[PDB]
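Taken in sequence, the protein lines are chains A and B.
Counted the way my numbering counts, the first sequence spans residues 1 to 426.
Counted the way my numbering counts, the second sequence spans residues 1 to 440.
Every residue, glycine too, gets a C-beta built ideally from N, C-alpha and C.
Notes to accompany the following structure.
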Amino acid sequence: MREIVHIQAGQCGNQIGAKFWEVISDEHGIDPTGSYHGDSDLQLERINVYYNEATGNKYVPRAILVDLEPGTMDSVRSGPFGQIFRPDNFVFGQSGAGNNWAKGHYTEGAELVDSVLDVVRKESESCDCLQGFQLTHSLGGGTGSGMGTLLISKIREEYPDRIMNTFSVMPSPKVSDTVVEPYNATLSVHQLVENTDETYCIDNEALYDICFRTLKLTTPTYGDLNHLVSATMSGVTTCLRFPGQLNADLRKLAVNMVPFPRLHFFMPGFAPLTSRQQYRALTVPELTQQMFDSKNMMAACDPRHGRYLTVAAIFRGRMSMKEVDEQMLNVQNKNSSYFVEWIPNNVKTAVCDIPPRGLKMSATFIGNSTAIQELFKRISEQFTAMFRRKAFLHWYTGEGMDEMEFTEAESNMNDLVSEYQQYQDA
Amino acid sequence: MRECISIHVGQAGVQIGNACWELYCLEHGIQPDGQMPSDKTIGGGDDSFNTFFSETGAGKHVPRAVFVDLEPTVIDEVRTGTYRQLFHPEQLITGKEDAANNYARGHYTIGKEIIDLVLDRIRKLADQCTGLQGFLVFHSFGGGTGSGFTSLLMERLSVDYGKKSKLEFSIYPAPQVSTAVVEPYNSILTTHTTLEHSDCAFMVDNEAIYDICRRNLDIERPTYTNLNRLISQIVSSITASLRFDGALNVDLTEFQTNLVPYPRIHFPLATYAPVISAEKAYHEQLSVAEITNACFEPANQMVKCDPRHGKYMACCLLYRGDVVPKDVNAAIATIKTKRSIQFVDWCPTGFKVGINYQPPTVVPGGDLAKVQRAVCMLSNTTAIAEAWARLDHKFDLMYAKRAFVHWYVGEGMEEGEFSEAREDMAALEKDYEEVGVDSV
Ligand SMILES: C=C(CC(=O)OC)C(=O)N[C@@H](c1ccccc1)[C@@H](O)C(=O)O[C@H]1C[C@@]2(O)[C@@H](OC(=O)c3ccccc3)[C@@H]3[C@]4(OC(C)=O)CO[C@@H]4C[C@H](O)[C@@]3(C)C(=O)[C@H](O)C(=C1C)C2(C)C
Ligand SMILES: Nc1nc2c(ncn2[C@@H]2O[C@H](COP(=O)(O)OP(=O)(O)OP(=O)(O)O)[C@@H](O)[C@H]2O)c(=O)[nH]1
Ligand SMILES: Nc1nc2c(ncn2[C@@H]2O[C@H](COP(=O)(O)OP(=O)(O)O)[C@@H](O)[C@H]2O)c(=O)[nH]1
Ligand SMILES: [Mg+2]
Ligand SMILES: [Mg+2]
């Protein structure tokens with residue numbers, strides 16, 4: 001029994017978090033009322049990882065919902081699976097965070113953070129052997145970014161020997177709510193460099209482009225973006241939720257994926273992705289080639305602009321394991337230039353028999369590539385374009401922050417970019 | 001929670017408030033007696049319209065508003081008007097002698113006698129709020145009360161409600177409807193005194209509204225009633241995000257994040273479309289593309305200035321009615337290819353969009369046609385400093401001769417306050433030049 005405690009914070013964090021719980025509840029046979037009604041014991045074998053078992057053989061997500069305004073969590077509670085969450089695990093304020101990292105991290109968020117830690121402590125105390133935490137949030141707003149990283153720091157203080165994992169949505173001017181998003185993201189990224197073990201970098205620019213160019217969605221909504229994320233989150237957690245040999249827990253995943261402590265930012269990918277053809281059967285070569293294509297990756301970085309340190313690939317459904325190996329070793333041997341030579345056998349493959357709801361075959365990609373520096377470079381450029389003229393800083397200095405904290409955050413992320421470039425040339 | 005308190009100061013502020021609250025009642029289905037048969041939450045609630053309306057146990061929906069004037073005849077029309085039952089007598093505050101178009105009388109001589117009562121009444125409204133978000137202050141630049149008492153009130157509100165947000169709707173003077181030669185004096189004095197106490201101010205050039213009414217509504221000589229009904233549509237578009245909720249609805253404070261890059265640079269330019277007579281609208285359905293294009297015609301701006309001769313720091317589009325994002329995006333793409341839109345090099349060039357789904361409405365007997373969709377553009381452009389330059393020049397012409405200054409000194413003001421105010425305006429104009437110069 002290796003339990004994971006899930007936290008979703010802010011608007012983006014709770015919207016993507018709600019869809020993640022809808023998806024995996026269906027996979028494990030849990031209905032919106034928390035009753036199991038599946039037909040396979042594999043659905044229950046590792047259900048303890050994400051669900052508590054309450055009275056009457058009911059399953060309650062080990063999930064905590066956090067926000068500084070009630071709006072999004074009201075819509076979650078009134079949503080499809082809104083009644084499955086523990087009512088005491090809704091922790092919310094009223095003032096909001098105003099897309100302001102300082103409000104989430106230092107003022108408004110600091111008033112609420114102790115109440116979230118009370119619920120984290122309650123869930124942790126009921127764990128046979130807690131392995132760690134997973135946080136869903138965006139970096140471009142105030143609550144998920146500012147309060148989310150505050151929560152990570154306080155959790156690390158109270159559980160220093162547990163794994164911290166995040167699904168972090170990176171902002172992009174193409175799918176942007178406010179101009180201060182590079183400020184909030186730059187301040188948050190430094191927190192993640194220090195206080196997380198694994199971070200999935202989900203770029204809203206990549207999600208939009210996939211919806212528009214690949215899925216042929218002329219006007220993608222946030223709901224369309226969150227549909228891609230929930231499918232991806234289900235894929236990357238398959239190894240945690242079903243019986244398997246590879247990356248079966250958060251710490252073994254980290255040991256396999258993170259060769260240097262600060263370089264723990266992963267590019268996720270999913271296949272298939274196609275326009276609505278839809279009933280057409282997918283073959284192993286087609287899954288493998290799509291899963292490794294940049295068009296299927298969600299960090300808007302070109303992996304041919306860098307090199308893979310480590311890769312994890314997860315295949316779902318009934319397929320030929322021999323054929324999976326051939327195509328996986330095929331793409332590996334044919335494109336050996338893009339895998340670092342000093343980490344032998346750095347591509348690991350897992351297969352899970354249970355496929356998602358609507359597909360017979362699927363594949364999920366997790367890459368630790370030095371090309372992720374392009375993401376951090378874009379944020380640094382957008383940060384500097386405003387900070388050079390101290391633009392919009394009054395929103396933050398009004399909350400007590402000084403300009404020196406921005407300078408230090410700028411230097412920290414440029415250091416991170418330089419670290420990636422060191423190993424890209426290695 | 002998230003309540004907003006409106007404060008209407010002087011004749012212009014009060015009469016515009018009359019137009020705004022009448023329009024709000026029509027938009028929300030609130031009758032002149034305050035009853036709202038659709039609101040099943042009797043005596044309370046946390047609906048979106050509750051940001052602007054409190055509720056009594058008898059089912060009356062009461063504006064979160066205070067009306068204040070230093071003479072009684074304008075507010076007396078509210079006390080006996082069609083919507084008299086909407087307000088309780090304590091919300092309508094009057095003196096006996098006005099400020100005589102003299103900032104010094106509104107801020108000092110006459111204003112000091114009523115300021116404490118006004119603050120007591122505002123406190124009574126604030127005590128009924130579970131999460132007060134801030135204040136909306138309506139006033140003219142040119143009147144003695146609108147200029148002098150507003151600045152006194154804004155100063156006192158900063159002390160009593162710290163940094164809680166205060167937004168202005170400010171009536172910029174126009175010679176076609178002006179009543180005082182000294183309005184440039186009052187405008188500069190109140191702009192200087194209020195500058196550090198206001199988080200965001202929407203200036204409304206009476207000449208721009210006057211010209212729109214003449215050109216677009218075929219009104220030969222617009223009255224205040226004509227001007228105020230147009231102004232209330234613009235105010236309603238701006239506050240619609242606070243009073244209605246939806247999935248494409250972007251809160252005003254989120255627009256505000258993009259619109260105010262530096263504390264002093266807090267004067268958005270508003271542009272509204274469509275302004276059309278019923279006889280012209282009866283043929284046309286104006287599309288999303290057509291109303292969006294009209295937002296970049298200078299003739300539709302609320303302040304006369306040339307944004308083609310400035311730089312943009314932000315561009316916000318607030319749609320209401322039958323509008324979907326697909327049509328907005330296509331309209332914006334067309335605009336960027338064909339229009340003169342230059343941003344400063346230090347800010348993103350995108351447009352921030354909000355959509356509020358309830359269609360606009362009009363007051364019966366008005367001149368504006370009821371349309372299926374409307375849009376208010378809020379832009380932060382350096383060109384709005386042109387409005388300051390025109391006022392500053394009229395100030396300089398009179399002050400160089402000290403014309404009319406004795407009226408202010410006679411009420412206790414010093415010449416140093418004039419030059420201090422004028423120098424602040426000079427620095428503000430220079431601030432607008434600086435923000436628009438490319439980085440190095
Ligand atoms: C519970 C849900 C939400 C839902 O949908 O319930 C309302 C869910 O998504 N679960 C799924 C899942 C997948 C991976 C891991 C865990 C779960 C799965 O089991 C399923 O149902 O996929 C859904 C997803 C589809 O929408 C659709 O995608 C989209 O248009 C779309 C739009 C925006 C964003 C993302 C997708 C989908 C795609 O996406 C996927 C995911 O396959 C896209 O390219 C993939 C190929 C699919 O052939 C194609 C084209 C389909 O045509 C198919 O007929 C179908 C299935 C199989 C839907 C039309 C209903
Ligand atoms: N748009 C509009 N402008 C108005 C209205 N009433 C007055 N004004 C303008 O306001 C300025 C004069 O200020 P007022 O508001 O009338 O004066 P006041 O605030 O009552 O101050 P005093 O009467 O001097 O004590 C002039 O520029 C007028 O054109 C109005 O109802 N609508
Ligand atoms: N993919 C996705 N991104 C979102 C969603 N909602 C907001 N965002 C992004 O998150 C950032 C805004 O942060 P948000 O979560 O709304 O602020 P918060 O509530 O203070 O944490 C911007 O970069 C948005 O593009 C969502 O539902 N899905
Ligand atoms: Mg948001
Ligand atoms: Mg008057």
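Just to confirm my understanding: we take residue i, look at its own chain, exclude 5 residues before and 5 after, and list those with CB closer than 8 Å. What are they?
i, result
"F404 of chain B", "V181, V182, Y185 and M398"
Whole angstroms is fine: what's the gap from residue i's alpha carbon to residue j's?
i, j, result
"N52 of chain A", "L42 of chain A", "17 Å"
"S188 of chain A", "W346 of chain B", "22 Å"
"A383 of chain B", "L167 of chain B", "21 Å"
"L135 of chain A", "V169 of chain A", "11 Å"
"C301 of chain A", "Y338 of chain A", "14 Å"
"residue 448 of chain A", "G96 of chain A", "An answer regarding residue 448 of chain A cannot be provided, because it is not within the stretch 1 to 426 covered by chain A."
"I335 of chain B", "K377 of chain A", "30 Å"
"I30 of chain A", "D209 of chain A", "33 Å"
"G44 of chain B", "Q94 of chain A", "18 Å"
"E434 of chain B", "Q91 of chain B", "43 Å"
"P37 of chain B", "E77 of chain B", "27 Å"
"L253 of chain A", "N368 of chain A", "12 Å"
"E111 of chain A", "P32 of chain B", "42 Å"
Pull up the CB-CB distance for residue i and residue j, whole angstroms please, since I reckon it's below 8 Å.
i, j, result
"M298 of chain A", "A371 of chain A", "Actually they do not touch by this definition, with Cβ atoms about 13 Å apart."
"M164 of chain A", "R156 of chain A", "6 Å"
"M1 of chain A", "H190 of chain A", "The pair is not a contact, with the Cβ atoms about 35 Å apart (cut-off 8 Å)."
"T232 of chain A", "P268 of chain A", "5 Å"
State yes or no: is the beta carbon of residue i nearer than 8 Å to at least one beta carbon in chain A?
i, result
"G436 of chain B", "no"
"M377 of chain B", "no"
"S158 of chain B", "no"
"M1 of chain B", "yes"
"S241 of chain B", "no"
"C347 of chain B", "yes"
"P325 of chain B", "yes"
"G45 of chain B", "no"
So, with DSSP's three-state summary, where would you put residue i?
i, result
"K122 of chain A", "helix"
"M298 of chain A", "coil"
"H139 of chain B", "strand"
"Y262 of chain B", "coil"
"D31 of chain A", "coil"
"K348 of chain A", "strand"
"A248 of chain A", "coil"
"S138 of chain A", "strand"
"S75 of chain A", "helix"
"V5 of chain A", "strand"
"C200 of chain B", "strand"
"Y159 of chain A", "coil"
"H394 of chain A", "helix"
"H8 of chain B", "strand"
"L65 of chain A", "strand"
Excluding the five sequence neighbours on either side, which residues of its own chain have a C-beta within less than 6 Å of the C-beta of residue i, listed in chain order?
i, result
"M377 of chain B", "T271, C295 and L317"
"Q256 of chain B", "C200"
"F315 of chain A", "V324, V351 and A363"
"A314 of chain B", "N258, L259 and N380"
"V362 of chain B", "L368 and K370"
Can you find a CB in chain B that lies within less than 8 Å of the CB of residue i?
i, result
"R378 of chain A", "no"
"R213 of chain A", "no"
"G104 of chain A", "no"
"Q277 of chain A", "no"
"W395 of chain A", "yes"
"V180 of chain A", "yes"
"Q94 of chain A", "yes"
Take residue i and list the residues in its own chain whose beta-carbon comes closer than 7 Å to its own, dropping the five residues that flank it on each side.
i, result
"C12 of chain A", "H137, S138, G141, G144 and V169"
"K103 of chain A", "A97, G109, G142, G146 and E399"
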